[PDB]
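First the structure, in the form of structure tokens, and then the observations on it.
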Amino acid sequence: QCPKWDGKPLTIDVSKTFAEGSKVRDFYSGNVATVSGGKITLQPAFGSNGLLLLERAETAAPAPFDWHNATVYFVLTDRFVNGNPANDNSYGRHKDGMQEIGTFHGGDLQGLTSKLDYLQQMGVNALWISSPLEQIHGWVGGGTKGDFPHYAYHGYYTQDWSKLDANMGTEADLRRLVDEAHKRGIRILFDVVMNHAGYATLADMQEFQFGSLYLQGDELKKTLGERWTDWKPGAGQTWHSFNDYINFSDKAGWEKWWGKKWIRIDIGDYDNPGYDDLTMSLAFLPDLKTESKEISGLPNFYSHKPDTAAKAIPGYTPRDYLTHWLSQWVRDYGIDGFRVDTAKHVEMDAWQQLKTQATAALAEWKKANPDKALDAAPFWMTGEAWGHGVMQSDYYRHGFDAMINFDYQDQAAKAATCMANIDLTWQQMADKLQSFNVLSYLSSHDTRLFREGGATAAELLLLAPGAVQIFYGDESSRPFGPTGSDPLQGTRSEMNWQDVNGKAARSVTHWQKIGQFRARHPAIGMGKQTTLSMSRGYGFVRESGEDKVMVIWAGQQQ
Ligand SMILES: OC[C@H]1O[C@H](O[C@H]2[C@H](O)[C@@H](O)[C@@H](O[C@H]3[C@H](O)[C@@H](O)[C@@H](O[C@H]4[C@H](O)[C@@H](O)[C@@H](O)O[C@@H]4CO)O[C@@H]3CO)O[C@@H]2CO)[C@H](O)[C@@H](O)[C@@H]1O
Ligand SMILES: [Ca+2]
Ligand SMILES: [Ca+2]
């Protein structure tokens, strides 16, 4: 079912690719061969699976960065490294004492900063982090059954875009991360949401005095207690049960939250969610009125939120505030781009505005910090549109430099046991991505962990045309963790650092060599592909202007 390999050296025909008498390096082994009769002979080093990464021996350093050859490392900051354990319990947040499925584990920006050398060793040149912005303080019911408390550990339940989340760290912590990353040629990307704000939690209701309960006086104190968030589900109750105590009819009480002008939600005297992608409510999340031309003022509950950096601005719509608040971080810190969540659930004008502003903001920060600035490159924005494939969609005309490619995960699944089965996908992609760019992944928090490969995931992802997204732990086969009654939760398991420094050391070393080779050769990401014809194993060359690389896979050893 797959090309085979005797295990002996390979004699490769390089006639058309490399020059006569020129030296060629297998980057994986360090072995150098001279061309004579348009031919070279090399043994794939042990632990290579029969890989040769063939380059001109001239090659000495990484190539100048291009987004079309980018290696993005996507990290859920909470589930990576806990640098500072003091911030793990911000806003009264608690571990669940069970399997920690949907709690803050305590991973933070400081801890992420401590591992930038590790990321650089993999040839990572862009770091995409979960939103570090202030989330909802409390929890909701986790999964269909409500078997775990679900906190905003993933950065998708935003409360205040103008502030950092205390669990992630301080303005100092974020500045150190961005500056240490930029010193290592690693761009910073923020996960950004504009579609929705987080659910109503007991912690936020109590702190910012919005919504209504059915419980009054001392019956309230008996049930919820001093801090309503400390409530545990009782006998014949699930973590969803607390919603039985919340009066979602109270018009005057729920207006004290975002306000009728800010969100569509099926609550009190608010405009109910629409029927189309733009105005519908995803999973009963408050849908932000991004299309509204109505001057909104600030969210009503920001009245009881003195720590906010949000200020009322004349003529400003909810959209204007959101693009403003997100742009501020770019101007202040030099954030190189955004990964945009739920791109299909927000009108295109909103995304264009965000891009215009974020682009101006990055240009400003680079002007004002020319020693720190990597280069004069514009702000990069990529989008999540569910089911988006390899296609120059309308998104590319309204401020997106690349959309996330959903199709590569399942295409690469058909090549898990056999690397050569990807060739038809790579030919298609290398050709179409001469005119535009996408961000392809094997694993995501929304889909599954690509583990059916083993260490072959390294070559499937890192040799793919266009930008590639390593999901944290891809390099270490981070196992799908406990998930309860939500099937996706296990995709966000803790980073398996014990395996990185143990049984998965071989795999990480493999990822490091491929990723470094990718960082040296824009042809991988950008080049036209010529698949070679050999009775001895699978192979291709990629050439893009200056750069030229040949990648040979010998096959299955036995
Ligand atoms: O905070 C604002 C919202 O508050 C109220 O919604 C509650 C619900 O009462 C809870 O049930 C829970 O929602 C869960 C839900 O139990 C679970 O089934 C799933 O929801 C599905 C839904 O069944 C399905 O029909 C479709 O719409 O997809 C949904 C998402 O998969 O997941 C939900 C959350 O994980 O929590 C919320 C928040 O406390 C109130 O009724 C809402 O009107 C309001 O917007
Ligand atoms: Ca921490
Ligand atoms: Ca919407």
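Please note that chains go A, B, ... in the order of the structure tokens, that every chain numbers its residues from 1, and that ligands are numbered from 1 in the order shown.
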
Legend entry - Selection as a ChimeraX atom specification: residues within 12 Å of ligand 2 by only C-alpha atoms and all ligand atoms: /A:77-90,93,104-112,153,165-170,173

Output file for the selection above: C-alpha atoms, as a PDB file, in the first residue's frame:
ATOM      1  CA  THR A  77      -1.490  29.834  26.591  1.00  0.00           C
ATOM      2  CA  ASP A  78      -3.399  28.377  29.619  1.00  0.00           C
ATOM      3  CA  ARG A  79      -2.510  24.766  28.609  1.00  0.00           C
ATOM      4  CA  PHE A  80       1.235  25.379  27.778  1.00  0.00           C
ATOM      5  CA  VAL A  81       3.577  26.702  30.587  1.00  0.00           C
ATOM      6  CA  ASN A  82       2.691  28.144  34.068  1.00  0.00           C
ATOM      7  CA  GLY A  83       5.640  30.593  34.494  1.00  0.00           C
ATOM      8  CA  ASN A  84       3.947  32.532  37.371  1.00  0.00           C
ATOM      9  CA  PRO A  85       1.608  30.449  39.628  1.00  0.00           C
ATOM     10  CA  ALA A  86       0.404  33.588  41.566  1.00  0.00           C
ATOM     11  CA  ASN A  87      -2.104  34.598  38.786  1.00  0.00           C
ATOM     12  CA  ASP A  88      -3.726  31.084  38.371  1.00  0.00           C
ATOM     13  CA  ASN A  89      -6.792  32.110  40.526  1.00  0.00           C
ATOM     14  CA  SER A  90      -7.519  35.706  39.260  1.00  0.00           C
ATOM     15  CA  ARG A  93     -11.392  31.317  39.578  1.00  0.00           C
ATOM     16  CA  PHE A 104      -7.625  27.572  34.034  1.00  0.00           C
ATOM     17  CA  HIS A 105      -4.581  25.225  34.511  1.00  0.00           C
ATOM     18  CA  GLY A 106      -2.481  28.393  35.121  1.00  0.00           C
ATOM     19  CA  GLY A 107      -0.492  28.619  31.837  1.00  0.00           C
ATOM     20  CA  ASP A 108       0.478  32.269  31.174  1.00  0.00           C
ATOM     21  CA  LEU A 109       2.454  34.711  28.922  1.00  0.00           C
ATOM     22  CA  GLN A 110       5.531  34.561  31.247  1.00  0.00           C
ATOM     23  CA  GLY A 111       5.657  30.717  30.896  1.00  0.00           C
ATOM     24  CA  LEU A 112       5.218  30.984  27.074  1.00  0.00           C
ATOM     25  CA  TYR A 153      -9.377  29.299  29.641  1.00  0.00           C
ATOM     26  CA  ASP A 165      -6.802  38.914  31.542  1.00  0.00           C
ATOM     27  CA  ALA A 166      -5.103  38.741  34.998  1.00  0.00           C
ATOM     28  CA  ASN A 167      -4.540  34.934  34.482  1.00  0.00           C
ATOM     29  CA  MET A 168      -2.406  35.724  31.344  1.00  0.00           C
ATOM     30  CA  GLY A 169      -0.296  38.436  33.058  1.00  0.00           C
ATOM     31  CA  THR A 170       0.506  42.188  33.075  1.00  0.00           C
ATOM     32  CA  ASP A 173       4.493  40.249  30.773  1.00  0.00           C
TER      33      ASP A 173
END

Inset, instruction - Quick one: pick out all strand (DSSP E) residues within segment 271-411 of chain A from a backbone DSSP run and write them as a PyMOL selection string. - result: chain A and resi 287-288+337-340+380-383+402-405

For N, CA and C atoms, I'd like the residues from the last selection saved as a PDB file, in the first residue's frame.
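The result, stored in again.pdb:
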ATOM      1  N   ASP A 287     -24.592  38.008  20.838  1.00  0.00           N
ATOM      2  CA  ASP A 287     -24.118  38.372  19.478  1.00  0.00           C
ATOM      3  C   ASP A 287     -23.928  39.893  19.426  1.00  0.00           C
ATOM      4  N   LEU A 288     -22.692  40.351  19.208  1.00  0.00           N
ATOM      5  CA  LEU A 288     -22.332  41.791  19.162  1.00  0.00           C
ATOM      6  C   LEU A 288     -22.915  42.400  17.886  1.00  0.00           C
ATOM      7  N   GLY A 337       0.076  40.540  13.705  1.00  0.00           N
ATOM      8  CA  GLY A 337      -1.154  40.111  13.013  1.00  0.00           C
ATOM      9  C   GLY A 337      -2.222  39.556  13.936  1.00  0.00           C
ATOM     10  N   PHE A 338      -3.396  39.279  13.366  1.00  0.00           N
ATOM     11  CA  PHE A 338      -4.534  38.599  14.028  1.00  0.00           C
ATOM     12  C   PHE A 338      -4.892  37.312  13.276  1.00  0.00           C
ATOM     13  N   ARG A 339      -5.180  36.254  14.038  1.00  0.00           N
ATOM     14  CA  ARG A 339      -6.077  35.153  13.612  1.00  0.00           C
ATOM     15  C   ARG A 339      -7.490  35.538  14.055  1.00  0.00           C
ATOM     16  N   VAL A 340      -8.411  35.715  13.106  1.00  0.00           N
ATOM     17  CA  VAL A 340      -9.800  36.203  13.365  1.00  0.00           C
ATOM     18  C   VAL A 340     -10.740  35.003  13.507  1.00  0.00           C
ATOM     19  N   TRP A 380      -0.474  41.475   9.184  1.00  0.00           N
ATOM     20  CA  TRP A 380      -1.007  40.231   8.575  1.00  0.00           C
ATOM     21  C   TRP A 380      -2.286  39.827   9.314  1.00  0.00           C
ATOM     22  N   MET A 381      -3.368  39.544   8.589  1.00  0.00           N
ATOM     23  CA  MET A 381      -4.643  39.073   9.189  1.00  0.00           C
ATOM     24  C   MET A 381      -5.115  37.807   8.460  1.00  0.00           C
ATOM     25  N   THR A 382      -5.341  36.729   9.209  1.00  0.00           N
ATOM     26  CA  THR A 382      -5.908  35.449   8.713  1.00  0.00           C
ATOM     27  C   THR A 382      -7.264  35.217   9.394  1.00  0.00           C
ATOM     28  N   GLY A 383      -8.161  34.479   8.739  1.00  0.00           N
ATOM     29  CA  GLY A 383      -9.556  34.310   9.188  1.00  0.00           C
ATOM     30  C   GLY A 383      -9.965  32.851   9.301  1.00  0.00           C
ATOM     31  N   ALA A 402      -4.686  35.788   4.129  1.00  0.00           N
ATOM     32  CA  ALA A 402      -4.765  34.312   4.099  1.00  0.00           C
ATOM     33  C   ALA A 402      -5.983  33.876   4.906  1.00  0.00           C
ATOM     34  N   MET A 403      -6.681  32.843   4.449  1.00  0.00           N
ATOM     35  CA  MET A 403      -7.756  32.201   5.241  1.00  0.00           C
ATOM     36  C   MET A 403      -7.253  30.838   5.715  1.00  0.00           C
ATOM     37  N   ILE A 404      -7.815  30.344   6.815  1.00  0.00           N
ATOM     38  CA  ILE A 404      -7.459  29.009   7.374  1.00  0.00           C
ATOM     39  C   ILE A 404      -8.025  27.957   6.414  1.00  0.00           C
ATOM     40  N   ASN A 405      -7.172  27.023   5.991  1.00  0.00           N
ATOM     41  CA  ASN A 405      -7.526  25.894   5.096  1.00  0.00           C
ATOM     42  C   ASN A 405      -8.002  24.722   5.959  1.00  0.00           C
TER      43      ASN A 405
END

Can you pull out every residue within 10 Å of segment 48-51 of chain A, counting only C-alpha atoms, but drop anything in the same chain fewer than 5 positions away, and send it as a PDB file with C-alpha atoms, in the first residue's frame?
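The result, written out as out25.pdb:
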ATOM      1  CA  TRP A   5      12.953   0.842   0.877  1.00  0.00           C
ATOM      2  CA  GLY A   7      17.537   0.467   3.761  1.00  0.00           C
ATOM      3  CA  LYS A   8      20.696   0.829   1.571  1.00  0.00           C
ATOM      4  CA  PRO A   9      21.960   4.232   0.250  1.00  0.00           C
ATOM      5  CA  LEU A  10      20.124   6.081  -2.612  1.00  0.00           C
ATOM      6  CA  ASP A  26      21.202  16.495   3.129  1.00  0.00           C
ATOM      7  CA  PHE A  27      20.231  19.070   5.845  1.00  0.00           C
ATOM      8  CA  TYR A  28      18.714  16.245   8.017  1.00  0.00           C
ATOM      9  CA  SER A  29      22.073  14.330   8.388  1.00  0.00           C
ATOM     10  CA  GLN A  43      22.288   7.264   3.149  1.00  0.00           C
ATOM     11  CA  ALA A 455       6.409  11.709  13.722  1.00  0.00           C
ATOM     12  CA  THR A 456       5.444  11.656   9.941  1.00  0.00           C
ATOM     13  CA  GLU A 459       6.810  16.197   6.951  1.00  0.00           C
ATOM     14  CA  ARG A 506      12.988  11.574  18.693  1.00  0.00           C
ATOM     15  CA  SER A 507       9.734  13.143  17.292  1.00  0.00           C
ATOM     16  CA  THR A 509      14.149  16.409  17.045  1.00  0.00           C
ATOM     17  CA  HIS A 510      12.489  15.327  13.718  1.00  0.00           C
ATOM     18  CA  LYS A 513      15.147  19.497  11.475  1.00  0.00           C
ATOM     19  CA  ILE A 514      12.180  19.718   8.998  1.00  0.00           C
ATOM     20  CA  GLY A 537      11.302   6.029  -3.525  1.00  0.00           C
ATOM     21  CA  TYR A 538       9.051   9.175  -3.705  1.00  0.00           C
ATOM     22  CA  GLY A 539      10.429  12.722  -4.285  1.00  0.00           C
ATOM     23  CA  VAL A 551      12.958  16.358  -0.943  1.00  0.00           C
ATOM     24  CA  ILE A 552      13.405  12.537  -1.363  1.00  0.00           C
ATOM     25  CA  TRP A 553      11.514   9.923   0.739  1.00  0.00           C
ATOM     26  CA  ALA A 554      13.072   6.396   0.351  1.00  0.00           C
ATOM     27  CA  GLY A 555       9.911   4.546   1.596  1.00  0.00           C
ATOM     28  CA  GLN A 556       8.840   1.882   4.182  1.00  0.00           C
ATOM     29  CA  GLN A 557      12.006   0.171   5.600  1.00  0.00           C
TER      30      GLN A 557
END

Inset, instruction - Within 9 Å of ligand 1, which residues show up when you count only C-alpha atoms and all ligand atoms? List them as a ChimeraX atom specification, please. - result: /A:139-146,150,198-201,240-244,246,248,264-267,281-287,486

Inset, instruction - Go through the chains and note each residue within 8 Å of ligand 3, using only C-alpha atoms and all ligand atoms, then give the set as a ChimeraX atom specification. - result: /A:195-196,277-281,287-290,345-347

Inset, instruction - Return as an MDAnalysis selection string the full set of residues in segment 225-326 of chain A whose backbone-based DSSP assignment is alpha helix (DSSP H). - result: chainID A and resid 251:254 318:326

Any chance you can output those residues with C-alpha atoms as a compact mmCIF listing (two decimals), in the first residue's frame?
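Output contents, as saved in result.txt:
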# COMPACT_ATOMS: atom_id res chain seq x y z
CA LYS A 251 -35.86 43.55 31.37
CA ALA A 252 -34.53 46.35 33.71
CA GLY A 253 -31.98 43.91 35.29
CA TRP A 254 -30.43 42.50 32.05
CA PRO A 318 -20.08 48.79 18.83
CA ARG A 319 -17.97 47.90 15.72
CA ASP A 320 -15.90 51.16 16.05
CA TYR A 321 -15.16 50.45 19.78
CA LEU A 322 -14.14 46.80 18.99
CA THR A 323 -11.75 47.66 16.06
CA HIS A 324 -10.36 50.55 18.22
CA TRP A 325 -9.78 48.36 21.36
CA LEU A 326 -8.06 45.58 19.26

Inset, instruction - Work out how far apart atom CA of residue 275 of chain A and atom CA of residue 255 of chain A are and give it in Å to one decimal. - result: 22.7 Å

Inset, instruction - Point out the residue among A:483, A:535, A:516, A:120 with the least atom-to-atom distance to residue 61 of chain A, counting only C-alpha atoms. - result: A:516

Inset, instruction - Tell me which protein, DNA and RNA residues are within 10 Å of residue 314 of chain A, counting only C-alpha atoms, leaving out same-chain ones fewer than 6 positions away, and put them as a ChimeraX atom specification. - result: /A:295-297

Go ahead and write the selection's residues with N, CA, C and O atoms as a JSON list (two decimals), in the first residue's frame.
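For reference, again.json as written:
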[["chain", "number", "residue", "atom", "x", "y", "z"],
["A", 295, "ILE", "N", -25.20, 54.83, 17.45],
["A", 295, "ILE", "CA", -24.24, 55.28, 18.50],
["A", 295, "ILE", "C", -24.65, 54.58, 19.80],
["A", 295, "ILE", "O", -25.81, 54.74, 20.22],
["A", 296, "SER", "N", -23.74, 53.79, 20.39],
["A", 296, "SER", "CA", -24.06, 52.81, 21.46],
["A", 296, "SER", "C", -23.69, 53.34, 22.85],
["A", 296, "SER", "O", -24.31, 52.90, 23.83],
["A", 297, "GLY", "N", -22.70, 54.23, 22.93],
["A", 297, "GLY", "CA", -21.96, 54.47, 24.18],
["A", 297, "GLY", "C", -21.29, 53.18, 24.62],
["A", 297, "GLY", "O", -21.24, 52.25, 23.80]]
